[PDB]
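*Asks:* One structure, as structure tokens, below. Some questions next.
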Amino acid sequence: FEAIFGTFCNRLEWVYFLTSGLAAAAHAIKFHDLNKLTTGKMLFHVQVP
Amino acid sequence: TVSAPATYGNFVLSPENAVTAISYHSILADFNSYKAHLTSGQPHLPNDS
């Protein structure tokens, strides 16, 4: 038995979020319970001069 | 009384297809990086004998 051959090319350009300059705008947090969370809220109290 | 084959025949890999693989590697491998085609001692093709 004799075979017919083919070639695989495997190289890729890897990219990462934290290395990007766009990441500077973000504050990156991991939270493994995010599926349970419905809405996150953040509230402020201000008095005027 | 008749002498008959005691067992089934085997899959045998053609020695030629090593040459095709080596040609593909010659095209694809880096400059002088490939070395499997040259060796010392008796030459040896991968076989199931």
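Ordering of the structure tokens sets the chain letters (A, B, ...), residue numbers begin anew at 1 in every chain, and ligands are numbered from 1 in the order given.
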With the cut-off set at 6 Å and counting only C-alpha atoms, tabulate each residue of chain B with an atom at most that distance from an atom of chain A, showing the nearest atom pair and its distance in Å to one decimal, ordered by chain and increasing number, as JSON lines.
*Replies:*
```
{"residue": "B:13", "atom": "CA", "partner": "A:1", "partner_atom": "CA", "distance": 5.2}
{"residue": "B:14", "atom": "CA", "partner": "A:2", "partner_atom": "CA", "distance": 5.4}
{"residue": "B:17", "atom": "CA", "partner": "A:2", "partner_atom": "CA", "distance": 6.0}
```
*Asks:* Quick one: distance from CA of residue 11 (chain A) to CA of residue 22 (chain B) in Å, one decimal?
*Replies:*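 CA of residue 11 (chain A) sits 21.4 Å away from CA of residue 22 (chain B).
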*Asks:* Report, in Å with one decimal, the straight-line distance from CA of residue 11 (chain B) to CA of residue 48 (chain B).
*Replies:*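 Taking CA of residue 11 (chain B) as the start and CA of residue 48 (chain B) as the end point, the length is 8.8 Å.
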*Asks:* Looking only at helix (DSSP H, G or I) from DSSP on the backbone, list the matching residues of chain B as a PyMOL selection string.
*Replies:* chain B and resi 17-28
*Asks:* Any idea what's packed within 9 Å of residue 18 (chain B), counting only C-alpha atoms, ignoring anything in its chain fewer than 5 positions away? Could you give it as a PyMOL selection string?
*Replies:* chain B and resi 23+45-46
*Asks:* Output C-alpha atoms for every residue in that selection, as a PDB file, in the first residue's frame.
*Replies:*
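Full text of out-v5.pdb as output:
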```
ATOM      1  CA  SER B  23      10.662  15.299  -1.094  1.00  0.00           C
ATOM      2  CA  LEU B  45      13.286   2.415   6.662  1.00  0.00           C
ATOM      3  CA  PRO B  46      10.498   2.402   9.279  1.00  0.00           C
TER       4      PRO B  46
END
```
